[PDB]
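A quick write-up on the structure given underneath.
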Amino acid sequence: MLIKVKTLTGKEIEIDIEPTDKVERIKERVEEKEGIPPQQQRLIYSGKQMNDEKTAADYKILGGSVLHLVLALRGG
Amino acid sequence: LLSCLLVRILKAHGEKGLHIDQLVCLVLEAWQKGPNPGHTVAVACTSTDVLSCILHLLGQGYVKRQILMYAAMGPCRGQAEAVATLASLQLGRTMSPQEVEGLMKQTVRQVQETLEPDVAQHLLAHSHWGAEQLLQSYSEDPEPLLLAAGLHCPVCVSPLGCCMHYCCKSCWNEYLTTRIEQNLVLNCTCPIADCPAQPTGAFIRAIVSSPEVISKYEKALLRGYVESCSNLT
Ligand SMILES: [Zn+2]
Ligand SMILES: [Zn+2]
């Protein structure tokens, strides 16, 4: 199942996921094409920060639904 | 990418820190070995790149000072094949007020969509046009982040029929005219005591909608956005 992640500037990235994938796995797939350690990345969905431990199915994420990426350099 | 590497490198040294050219040497060595342990991310950096990125970081207040040291309310920045662009190393340009208003409006609109426009502008002002770290705290917790902005007629003793203060428009217009005219519309709130209310300017526009008042409010927002951007002058 293929979803999207949008950075702050507007650049879009397209990533295929599975229902058992962890938020850490999604961060890894993002840094595959971004090379940014997960300590600095943050994922936002419906105004709520993605919990790293949780699974992609926990937030009931569907295909195409954009999980907005945001940077956090200070933390980490 | 250069900035994230820099912030990690400077986070590693605590209060021991490093010299400016020492930090330059470390980042240059890292990029020479490359952040790639990839090809989507990784061009050759120069000392100009290091100085530019550390200028941005200094503007973000993350570095303090010949000595250079790591740090822990402040200002923010506007923040506005592949080898073809990469070879073009260079990158300040001059903006016009119309363009400034356009970019500010677009930014506030996009951040509002990320999370109503009036509350968005109010909160952005509350952080002095700060980074989305305010939104990050919001996602961490709403209550204090909201509290940052705090989000007969009594004033007009002449009686008339009918933030928890539904007062007549006459005294509201008087207060708004006093604040805007005195150029003190910064941090507008309900004059009734213990009523710190983040003012939706549209509601304030309902309080008074004079064509000169519109010019005053537009000029005030322009000045406020300009004064809180770390790069503008
Ligand atoms: Zn009144
Ligand atoms: Zn009040």
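Naming works like this for the structure tokens: A, B, ... for the chains as they're shown, residue 1 at the start of each chain, ligands 1 onward in shown order.
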(request) For region 22-33 of chain A, please output as a PyMOL selection string all residues within 7 Å (counting only C-alpha atoms; exclusion window: fewer than 5 positions along the same chain). (result) (chain A and resi 38+52-56) or (chain B and resi 38+40-41)
(message) I want to know what sits within 6 Å of region 63-67 of chain A, based on only C-alpha atoms, with residues of the same chain fewer than 6 positions away left out; could you give that as JSON, numbers by chain?
(response) {"A": [1, 2, 3, 4, 5, 44, 45]}
(request) Please return, as a ChimeraX atom specification, all residues of chain B lying within 12 Å of chain A when only C-alpha atoms are considered. (result) /B:1-12,34-42,57,60-63,70-72,78-80,106-107,110-115,131-142
Preceding selection exported with N, CA and C atoms as a compact mmCIF listing (two decimals), in the first residue's frame:
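Writing the result to again-v5.txt gives the following:
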```txt
# COMPACT_ATOMS: atom_id res chain seq x y z
N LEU B 1 20.73 19.07 4.56
CA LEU B 1 21.63 17.99 4.97
C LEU B 1 22.86 18.55 5.68
N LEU B 2 23.47 19.59 5.11
CA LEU B 2 24.62 20.20 5.76
C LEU B 2 24.26 20.70 7.15
N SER B 3 23.09 21.32 7.30
CA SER B 3 22.69 21.84 8.60
C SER B 3 22.50 20.72 9.61
N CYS B 4 21.83 19.63 9.21
CA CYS B 4 21.59 18.55 10.16
C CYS B 4 22.91 17.94 10.61
N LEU B 5 23.84 17.76 9.68
CA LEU B 5 25.15 17.25 10.06
C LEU B 5 25.82 18.20 11.04
N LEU B 6 25.77 19.50 10.75
CA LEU B 6 26.38 20.49 11.62
C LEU B 6 25.81 20.40 13.03
N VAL B 7 24.48 20.37 13.15
CA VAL B 7 23.87 20.37 14.48
C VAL B 7 24.23 19.11 15.24
N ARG B 8 24.32 17.96 14.55
CA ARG B 8 24.78 16.76 15.25
C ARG B 8 26.22 16.92 15.74
N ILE B 9 27.09 17.48 14.90
CA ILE B 9 28.50 17.61 15.25
C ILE B 9 28.66 18.52 16.44
N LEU B 10 27.90 19.61 16.47
CA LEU B 10 27.99 20.55 17.58
C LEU B 10 27.27 20.06 18.82
N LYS B 11 26.28 19.17 18.67
CA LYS B 11 25.66 18.52 19.81
C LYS B 11 26.60 17.51 20.46
N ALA B 12 27.59 17.02 19.73
CA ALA B 12 28.45 15.99 20.30
C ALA B 12 29.47 16.53 21.28
N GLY B 34 31.68 11.87 3.25
CA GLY B 34 30.32 11.84 2.79
C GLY B 34 29.36 11.35 3.84
N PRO B 35 28.21 12.02 3.98
CA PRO B 35 27.15 11.47 4.84
C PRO B 35 26.66 10.12 4.37
N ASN B 36 26.87 9.77 3.11
CA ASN B 36 26.57 8.42 2.64
C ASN B 36 27.51 7.43 3.32
N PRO B 37 26.98 6.40 4.00
CA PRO B 37 27.74 5.40 4.76
C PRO B 37 28.85 4.74 3.96
N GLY B 38 21.21 7.01 -0.23
CA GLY B 38 22.50 7.67 -0.18
C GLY B 38 22.78 8.52 -1.40
N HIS B 39 22.73 7.89 -2.58
CA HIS B 39 22.94 8.62 -3.82
C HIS B 39 21.82 9.62 -4.08
N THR B 40 20.63 9.36 -3.54
CA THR B 40 19.56 10.36 -3.61
C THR B 40 19.95 11.62 -2.85
N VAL B 41 20.61 11.46 -1.71
CA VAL B 41 21.10 12.61 -0.95
C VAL B 41 22.44 13.07 -1.50
N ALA B 42 23.41 12.16 -1.57
CA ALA B 42 24.73 12.48 -2.09
C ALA B 42 25.12 11.51 -3.20
N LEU B 57 22.35 28.94 11.59
CA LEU B 57 22.21 28.38 12.93
C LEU B 57 22.33 29.46 13.99
N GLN B 60 19.29 31.17 14.31
CA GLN B 60 18.37 30.38 15.10
C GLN B 60 18.77 30.30 16.56
N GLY B 61 19.81 31.02 16.97
CA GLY B 61 20.23 31.05 18.36
C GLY B 61 20.78 29.74 18.89
N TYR B 62 21.13 28.80 18.02
CA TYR B 62 21.61 27.50 18.46
C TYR B 62 23.09 27.50 18.80
N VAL B 63 23.83 28.53 18.42
CA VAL B 63 25.26 28.61 18.70
C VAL B 63 25.54 29.97 19.34
N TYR B 70 27.90 25.35 21.79
CA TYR B 70 26.53 24.89 21.65
C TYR B 70 25.62 25.62 22.63
N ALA B 71 24.32 25.62 22.33
CA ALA B 71 23.32 26.28 23.15
C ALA B 71 22.16 25.33 23.42
N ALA B 72 21.21 25.80 24.22
CA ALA B 72 20.04 25.00 24.57
C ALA B 72 18.74 25.73 24.22
N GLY B 78 12.50 33.25 7.50
CA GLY B 78 11.46 33.01 6.51
C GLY B 78 11.60 31.67 5.82
N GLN B 79 12.84 31.25 5.55
CA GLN B 79 13.13 29.95 4.94
C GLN B 79 12.52 29.83 3.54
N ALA B 80 12.60 30.90 2.77
CA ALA B 80 12.13 30.88 1.38
C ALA B 80 13.05 31.70 0.49
N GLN B 106 1.23 33.08 2.18
CA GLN B 106 1.32 31.69 1.76
C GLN B 106 1.82 30.81 2.89
N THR B 107 2.82 31.28 3.64
CA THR B 107 3.37 30.49 4.73
C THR B 107 2.34 30.28 5.83
N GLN B 110 -0.28 27.77 4.61
CA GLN B 110 0.14 26.37 4.58
C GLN B 110 0.26 25.81 5.99
N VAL B 111 0.76 26.60 6.94
CA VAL B 111 0.86 26.07 8.30
C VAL B 111 -0.53 25.94 8.92
N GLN B 112 -1.47 26.80 8.54
CA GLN B 112 -2.84 26.65 9.01
C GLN B 112 -3.46 25.36 8.48
N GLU B 113 -3.23 25.07 7.20
CA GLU B 113 -3.72 23.82 6.63
C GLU B 113 -3.07 22.63 7.32
N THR B 114 -1.79 22.75 7.67
CA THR B 114 -1.10 21.66 8.35
C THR B 114 -1.79 21.31 9.66
N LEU B 115 -2.40 22.28 10.32
CA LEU B 115 -3.08 22.04 11.59
C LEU B 115 -4.52 22.55 11.55
N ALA B 131 9.55 29.13 14.42
CA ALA B 131 9.56 27.91 13.64
C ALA B 131 8.34 27.06 13.96
N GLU B 132 8.20 25.96 13.23
CA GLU B 132 7.13 25.02 13.54
C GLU B 132 7.37 24.28 14.84
N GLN B 133 8.43 24.60 15.57
CA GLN B 133 8.63 24.01 16.88
C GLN B 133 7.48 24.34 17.81
N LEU B 134 6.85 25.50 17.62
CA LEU B 134 5.63 25.79 18.37
C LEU B 134 4.55 24.76 18.06
N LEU B 135 4.40 24.40 16.79
CA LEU B 135 3.46 23.34 16.44
C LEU B 135 3.89 22.01 17.03
N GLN B 136 5.20 21.77 17.11
CA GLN B 136 5.68 20.53 17.71
C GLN B 136 5.29 20.45 19.17
N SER B 137 5.43 21.56 19.90
CA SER B 137 4.97 21.60 21.28
C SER B 137 3.47 21.42 21.35
N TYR B 138 2.74 22.01 20.40
CA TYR B 138 1.29 21.82 20.34
C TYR B 138 0.94 20.34 20.24
N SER B 139 1.61 19.63 19.33
CA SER B 139 1.40 18.19 19.23
C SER B 139 1.84 17.48 20.50
N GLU B 140 2.87 17.99 21.17
CA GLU B 140 3.23 17.45 22.47
C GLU B 140 2.16 17.78 23.51
N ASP B 141 1.70 19.03 23.53
CA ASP B 141 0.67 19.44 24.48
C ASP B 141 0.00 20.73 24.02
N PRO B 142 -1.33 20.77 23.95
CA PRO B 142 -2.02 21.99 23.54
C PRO B 142 -2.02 23.09 24.59
```
Within 6 Å of ligand 2, which residues of chain B come that close, and what is the closest atom pair and distance in Å for each? Count only C-alpha atoms and all ligand atoms and give it as a Markdown table.
```
| residue | atom | partner | partner_atom_place_in_ligand_line | distance |
| --- | --- | --- | --- | --- |
| B:163 | CA | ligand 2 | 1 (Zn) | 4.5 |
| B:164 | CA | ligand 2 | 1 (Zn) | 5.9 |
| B:165 | CA | ligand 2 | 1 (Zn) | 5.2 |
| B:190 | CA | ligand 2 | 1 (Zn) | 4.5 |
| B:192 | CA | ligand 2 | 1 (Zn) | 4.8 |
| B:195 | CA | ligand 2 | 1 (Zn) | 3.7 |
```
Please, could you write that set of residues out with C-alpha atoms as a PDB file, in the first residue's frame?
```
ATOM      1  CA  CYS B 163     -13.744  36.320  25.789  1.00  0.00           C
ATOM      2  CA  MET B 164     -16.998  35.860  27.739  1.00  0.00           C
ATOM      3  CA  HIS B 165     -17.509  39.631  27.324  1.00  0.00           C
ATOM      4  CA  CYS B 190      -9.730  42.195  26.194  1.00  0.00           C
ATOM      5  CA  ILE B 192     -11.621  43.509  31.060  1.00  0.00           C
ATOM      6  CA  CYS B 195      -9.330  38.279  29.995  1.00  0.00           C
TER       7      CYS B 195
END
```
Could you list, as a short mmCIF file (atom, residue, chain, number, x, y, z; two decimals) with N, CA and C atoms, in the first residue's frame, all residues that come within 6 Å of ligand 1? Count only C-alpha atoms and all ligand atoms.
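What landed in result.cif:
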```cif
data_model
loop_
_atom_site.label_atom_id
_atom_site.label_comp_id
_atom_site.auth_asym_id
_atom_site.auth_seq_id
_atom_site.Cartn_x
_atom_site.Cartn_y
_atom_site.Cartn_z
N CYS B 153 -24.07 48.98 29.58
CA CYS B 153 -22.71 48.61 29.21
C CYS B 153 -21.75 49.16 30.26
N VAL B 155 -18.32 49.55 30.14
CA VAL B 155 -17.36 50.46 29.53
C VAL B 155 -18.06 51.72 29.06
N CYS B 156 -19.24 51.58 28.47
CA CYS B 156 -20.05 52.70 28.00
C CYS B 156 -21.26 52.79 28.93
N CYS B 167 -19.71 42.72 24.88
CA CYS B 167 -19.92 44.14 25.09
C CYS B 167 -20.35 44.81 23.79
N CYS B 168 -20.90 46.02 23.93
CA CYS B 168 -21.37 46.76 22.77
C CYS B 168 -20.20 47.16 21.88
N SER B 170 -19.47 49.88 20.54
CA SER B 170 -18.94 51.23 20.69
C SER B 170 -17.64 51.22 21.49
N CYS B 171 -17.64 50.59 22.66
CA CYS B 171 -16.44 50.56 23.48
C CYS B 171 -15.37 49.67 22.86
#
```
(request) Would you kindly return, as JSON, numbers by chain, each protein, DNA or RNA residue with an atom no farther than 12 Å from any atom of residue 84 (chain B), considering only C-alpha atoms and excluding same-chain residues fewer than 4 positions away? (result) {"B": [43, 88, 89]}
Atoms to include: N, CA, C and O atoms. Write the selected residues as a compact mmCIF listing (two decimals), in the first residue's frame.
```txt
# COMPACT_ATOMS: atom_id res chain seq x y z
N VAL B 43 28.12 16.22 -4.34
CA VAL B 43 28.63 17.57 -4.48
C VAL B 43 29.66 17.85 -3.39
O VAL B 43 29.64 17.22 -2.33
N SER B 88 26.24 24.59 -9.75
CA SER B 88 25.98 26.00 -9.50
C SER B 88 26.05 26.27 -8.01
O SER B 88 25.05 26.15 -7.30
N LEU B 89 27.24 26.62 -7.52
CA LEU B 89 27.48 26.66 -6.08
C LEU B 89 26.79 27.85 -5.43
O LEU B 89 26.24 27.71 -4.33
```
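Pairwise distance (CA of residue 176 (chain B), CA of residue 210 (chain B)) equals 11.0 Å.
The residue set within 10 Å of residue 23 (chain B), counting only C-alpha atoms and dropping same-chain residues fewer than 4 places from it, reads residues 6, 9, 10, 17, 18, 19, 27, 28, 29, 50, 54 and 68 of chain B.
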(message) When DSSP is applied to the backbone of this structure, which of chain A are assigned helix (DSSP H, G or I)? Write them out as number ranges by chain.
(response) A: 23-34
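CA of residue 124 (chain B) lies 11.2 Å from CA of residue 145 (chain B).
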